[PDB]
Amino acid sequence: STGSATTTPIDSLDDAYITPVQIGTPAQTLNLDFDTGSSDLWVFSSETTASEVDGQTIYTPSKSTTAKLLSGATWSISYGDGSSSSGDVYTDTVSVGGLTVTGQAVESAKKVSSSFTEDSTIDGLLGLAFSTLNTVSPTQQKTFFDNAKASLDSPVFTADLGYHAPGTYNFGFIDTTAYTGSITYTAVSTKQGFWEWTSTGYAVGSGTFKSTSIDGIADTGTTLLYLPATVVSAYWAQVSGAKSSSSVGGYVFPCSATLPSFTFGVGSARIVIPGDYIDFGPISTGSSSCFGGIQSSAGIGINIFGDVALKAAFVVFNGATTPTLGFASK
């Protein structure tokens, strides 16, 4: 089997991407944030505290003839941005772009933190990291990809995120029309439950490539590119007037600037992030200070190849017995 679904930016900055997902019988379609940095499929629901729902579409398990309470199971998750959610668990039929999994754990939110309530466009998350990170207790549950894998034509999914435009998540096949050149594959460590890999270095604009190993995660659920402070300083030093602002929470730059590109290495190959992809717009409405799309990971504990980086590439998440990642230009 295969599946193919369009993913759409939630706003004009590509802060996140939503993908329609069919849950239950008859189908209830919710727009989920596909997150290769986490491993829970959770949704706003009829069980979510009413004051914490503000415009989202909810899953109502009582209206699904295939929903079954997973007795005794609870979940609770906290994300790198400080947001969180928790609740109980159903199993139900879940389909993405024509690919169907029966018996998928659908984690129903009873509580969500303010940032989720405040984002009316995201109805939940669909985790695509390794199932060892799934938070369901006392019986850990498998991701949608893990459940579908054996049925797929090939044990892979691909992320093709757009810049200010829709893109595609494919399951079970590699669309050879969706990228240019060849796909360069690189080793993955699953020891932390992430799609963790080592970039071979970077360049800023037209500058020379610096060969240096940068361990990080391919994380579709993180907006920005978080890299070591040395690398980020070298990037922003090429932008007149850019500075790190403790009060804003990262590097800002004059909105009048033209940003240089940023290149990262994948083995001997190179992925170029155009400068425009690094502009996240005014820090507040009407400000001439703009927020940068490359930020320091120093306070995180891990480097994160988020959407800023991934949307410059066609990315293969290869879930073979030994997982690997593939990157192509597009």
Side-chain angles (χ1 to χ4, degrees), residues 1-9 14 16-23 27 29-39 41 92-106 125-131 134 143-148 150-163 165-188 190 193-197 217-221 266-267 269 271 305-307 309-330:
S1 62
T2 64
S4 182
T6 297
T7 192
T8 301
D14 298 348
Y17 298 77
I18 48 172
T19 308
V21 177
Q22 282 72 49
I23 307 175
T29 298
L30 274 65
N31 295 329
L32 305 188
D33 184 351
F34 283 23
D35 180 13
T36 62
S38 70
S39 306
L41 193 176
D92 210 338
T93 302
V94 172
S95 299
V96 175
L99 172 64
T100 300
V101 168
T102 58
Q104 173 65 45
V106 177
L125 267 65
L126 189 149
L128 293 167
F130 293 88
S131 292
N134 175 267
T143 71
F144 176 80
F145 177 55
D146 220 339
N147 281 324
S151 302
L152 294 178
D153 292 356
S154 182
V156 306
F157 69 90
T158 66
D160 179 11
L161 301 179
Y163 168 67
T168 305
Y169 281 102
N170 290 330
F171 292 84
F173 73 105
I174 287 164
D175 179 356
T176 62
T177 75
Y179 57 89
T180 63
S182 55
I183 304 177
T184 296
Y185 289 87
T186 197
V188 163
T190 65
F194 300 121
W195 293 91
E196 188 172 1
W197 65 290
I217 67 169
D219 183 2
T220 60
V266 183
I271 299 295
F305 293 88
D307 297 335
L310 303 181
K311 73 191 180 183
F314 178 87
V315 189
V316 180
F317 295 78
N318 171 26
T321 304
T322 298
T324 66
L325 279 167
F327 292 81
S329 295
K330 66 185 185 193

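In what follows, residues are counted from 1 in the order of the sequence shown.
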Give the intermediate values and the outcome of side-chain contact (heavy atoms from CB on, under 4.5 Å) for residues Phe130 and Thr143.
CA-CA 7 Å; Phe130 293 88; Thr143 71; over 6 Å; no

Option passing side chain to side chain contact (heavy atoms under 4.5 Å, CB included) with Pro20 (candidates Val96, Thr29, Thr8)
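Only match with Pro20 under side chain to side chain contact (heavy atoms under 4.5 Å, CB included): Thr29.
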
Pairs in or reaching into residues 165-183: which pass salt bridge (charged side-chain N to carboxylate O under 4.0 Å, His left out), with residues at least two apart or in two chains?
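Salt bridge (charged side-chain N to carboxylate O under 4.0 Å, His left out) check on residues 165-183 returns no pairs.
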
With a 4.5 Å limit on heavy-atom distance, are the side chains of [X] and [Y] in contact?
X: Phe327; Y: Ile183; answer: no
X: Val21; Y: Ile23; answer: yes
X: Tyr179; Y: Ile174; answer: yes

Taking all non-hydrogen atoms of both residues, which atom of [X] and which atom of [Y] are closest, and how far apart?
X: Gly37; Y: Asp219; answer: N-OD1, 3.2 Å
X: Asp146; Y: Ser131; answer: OD2-OG, 2.7 Å
X: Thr6; Y: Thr19; answer: O-CG2, 3.6 Å
X: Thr168; Y: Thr7; answer: N-CG2, 3.8 Å
X: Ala218; Y: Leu325; answer: CB-CD1, 4.0 Å
X: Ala165; Y: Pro9; answer: O-CD, 3.4 Å

Can you label the angle between the [X] ring and the [Y] ring as parallel, tilted or perpendicular, going by 30° and 60°?
X: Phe144; Y: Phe171; value: perpendicular
X: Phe157; Y: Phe145; value: perpendicular
X: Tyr169; Y: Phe34; value: tilted

Please round to the nearest 0.5 Å and tell me the distance separating atom [atom1] of [X] and atom [atom2] of [Y].
X: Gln22; Y: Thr100; atom1: CD; atom2: OG1; value: 8.5 Å
X: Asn147; Y: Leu41; atom1: CG; atom2: CG; value: 10.0 Å
X: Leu128; Y: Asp33; atom1: CG; atom2: CG; value: 10.0 Å
X: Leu32; Y: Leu126; atom1: CG; atom2: CG; value: 6.0 Å

Given the rule in the side chain to side chain donor-acceptor pair (under 3.5 Å) test, do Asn318 and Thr324 qualify, once you have shown the distances and angles that lead to the verdict?
CA-CA 5 Å; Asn318 171 26; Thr324 66; 2.9 Å; yes

Could you go through the side-chain contact (heavy atoms from CB on, under 4.5 Å) check for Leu152 and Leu99 one step at a time?
CA-CA 9 Å; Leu152 294 178; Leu99 172 64; 3.7 Å; yes

Has the side chain of [X] got a donor or acceptor atom that lies under 3.5 Å from a matching backbone atom of [Y]?
X: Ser1; Y: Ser151; result: yes
X: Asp153; Y: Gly172; result: no
X: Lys330; Y: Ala313; result: yes
X: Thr36; Y: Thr220; result: yes

Start with the C-alpha distance between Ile271 and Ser329, add both sets of side-chain angles, then the distance that settles side-chain contact (heavy atoms from CB on, under 4.5 Å), and finish with yes or no.
CA-CA 6 Å; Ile271 299 295; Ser329 295; 3.8 Å; yes

Could I get the full list of side chain to side chain donor-acceptor pair (under 3.5 Å) partners for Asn170, not counting sequence neighbours?
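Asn170: side chain to side chain donor-acceptor pair (under 3.5 Å) contacts with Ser4.
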
